[PDB]
Amino acid sequence: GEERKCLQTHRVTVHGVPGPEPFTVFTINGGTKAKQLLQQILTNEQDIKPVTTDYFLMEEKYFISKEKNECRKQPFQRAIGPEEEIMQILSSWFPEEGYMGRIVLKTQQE
């Protein structure tokens, strides 16, 4: 109860998981960034050492200015790198947005 910087264990629901699930959530701890987190998503929990490849995260968002699809002619989505911590993403997640958005796990292929 004296933790000024506690072990921030949050589970982050990932949509690009290697898991059989279509979306599954892996738990983080301390101060995991997206890199340590891509790991957490990789985390086979066995030797915990999958085939950790060119995977990365993405917040796929929109403007909430219109309905259906807000013109799929503009990449309004942020690719999550290590420096850009996911907890900052969830922190920048405005209550106004609320239900719009998701963590994707892409590959470093284009």
# chains A, B, ... in the order shown; residues from 1 in each chain; ligands from 1

call {"tool": "residues_around", "arguments": {"residues": "segment 72-84 of chain A", "least_positions_apart": "5", "cutoff": "8 Å", "atoms": "only C-alpha atoms", "output": "PyMOL selection string"}}
result
chain A and resi 33-36+56-62+89

call {"tool": "residues_around", "arguments": {"residues": "residue 109 of chain A", "least_positions_apart": "5", "cutoff": "12 Å", "atoms": "only C-alpha atoms", "output": "PyMOL selection string"}}
result
chain A and resi 53-56

call {"tool": "write_last_selection", "arguments": {"atoms": "C-alpha atoms", "output": "short mmCIF file (atom, residue, chain, number, x, y, z; two decimals), in the first residue's frame"}}
result
data_model
loop_
_atom_site.label_atom_id
_atom_site.label_comp_id
_atom_site.auth_asym_id
_atom_site.auth_seq_id
_atom_site.Cartn_x
_atom_site.Cartn_y
_atom_site.Cartn_z
CA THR A 53 8.91 -11.95 -35.37
CA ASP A 54 8.18 -8.64 -37.07
CA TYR A 55 4.85 -8.30 -35.38
CA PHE A 56 3.73 -4.90 -34.10
#

call {"tool": "select_by_dssp", "arguments": {"residues": "chain A", "states": "strand (DSSP E or B)", "output": "MDAnalysis selection string"}}
result
chainID A and resid 11:14 24:27 55:60 77:80 103:107

call {"tool": "write_last_selection", "arguments": {"atoms": "N, CA and C atoms", "output": "compact mmCIF listing (two decimals), in the first residue's frame"}}
result
# COMPACT_ATOMS: atom_id res chain seq x y z
N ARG A 11 -4.38 -6.12 -18.64
CA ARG A 11 -4.52 -6.98 -19.77
C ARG A 11 -5.00 -6.19 -20.97
N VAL A 12 -4.33 -6.38 -22.09
CA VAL A 12 -4.62 -5.62 -23.28
C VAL A 12 -5.14 -6.56 -24.36
N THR A 13 -6.36 -6.31 -24.82
CA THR A 13 -7.01 -7.20 -25.76
C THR A 13 -6.41 -7.00 -27.16
N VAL A 14 -5.78 -8.03 -27.68
CA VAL A 14 -5.12 -7.95 -28.97
C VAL A 14 -5.92 -8.69 -30.04
N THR A 24 -7.65 -11.98 -28.23
CA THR A 24 -7.33 -12.45 -26.90
C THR A 24 -6.45 -11.43 -26.20
N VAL A 25 -6.51 -11.46 -24.89
CA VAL A 25 -5.97 -10.40 -24.07
C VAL A 25 -4.82 -10.93 -23.22
N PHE A 26 -3.65 -10.30 -23.29
CA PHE A 26 -2.51 -10.75 -22.49
C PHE A 26 -2.18 -9.74 -21.41
N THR A 27 -1.80 -10.24 -20.25
CA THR A 27 -1.59 -9.39 -19.10
C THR A 27 -0.19 -8.82 -19.08
N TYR A 55 6.16 -8.74 -35.85
CA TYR A 55 4.85 -8.30 -35.38
C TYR A 55 4.93 -6.94 -34.69
N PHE A 56 3.87 -6.15 -34.83
CA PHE A 56 3.73 -4.90 -34.10
C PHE A 56 2.25 -4.60 -33.88
N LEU A 57 1.96 -3.60 -33.07
CA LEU A 57 0.58 -3.32 -32.66
C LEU A 57 0.08 -2.14 -33.45
N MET A 58 -1.22 -1.91 -33.39
CA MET A 58 -1.81 -0.76 -34.05
C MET A 58 -3.13 -0.40 -33.39
N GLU A 59 -3.34 0.88 -33.15
CA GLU A 59 -4.65 1.33 -32.76
C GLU A 59 -5.40 1.75 -34.01
N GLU A 60 -6.40 0.98 -34.38
CA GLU A 60 -7.19 1.31 -35.55
C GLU A 60 -8.42 2.10 -35.12
N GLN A 77 -4.80 5.69 -38.41
CA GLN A 77 -4.53 4.61 -37.47
C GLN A 77 -3.06 4.66 -37.08
N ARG A 78 -2.77 4.38 -35.83
CA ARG A 78 -1.41 4.53 -35.34
C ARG A 78 -0.73 3.18 -35.18
N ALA A 79 0.41 3.04 -35.84
CA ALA A 79 1.22 1.84 -35.71
C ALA A 79 2.04 1.91 -34.42
N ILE A 80 1.83 0.94 -33.55
CA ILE A 80 2.46 0.93 -32.24
C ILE A 80 3.87 0.37 -32.28
N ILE A 103 -6.79 -2.88 -30.52
CA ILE A 103 -5.40 -3.21 -30.76
C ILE A 103 -5.31 -4.26 -31.83
N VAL A 104 -4.61 -3.95 -32.89
CA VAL A 104 -4.32 -4.91 -33.89
C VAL A 104 -2.88 -5.37 -33.71
N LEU A 105 -2.59 -6.58 -34.13
CA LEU A 105 -1.22 -7.03 -34.23
C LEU A 105 -0.96 -7.33 -35.69
N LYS A 106 -0.17 -6.49 -36.32
CA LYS A 106 0.15 -6.64 -37.73
C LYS A 106 1.50 -7.32 -37.86
N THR A 107 1.97 -7.42 -39.08
CA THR A 107 3.29 -7.88 -39.37
C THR A 107 4.00 -6.71 -40.03

call {"tool": "atom_distance", "arguments": {"atom1": "atom CA of residue 90 of chain A", "atom2": "atom CA of residue 21 of chain A"}}
result
21.9 Å

call {"tool": "atom_distance", "arguments": {"atom1": "atom CA of residue 92 of chain A", "atom2": "atom CA of residue 29 of chain A"}}
result
19.1 Å
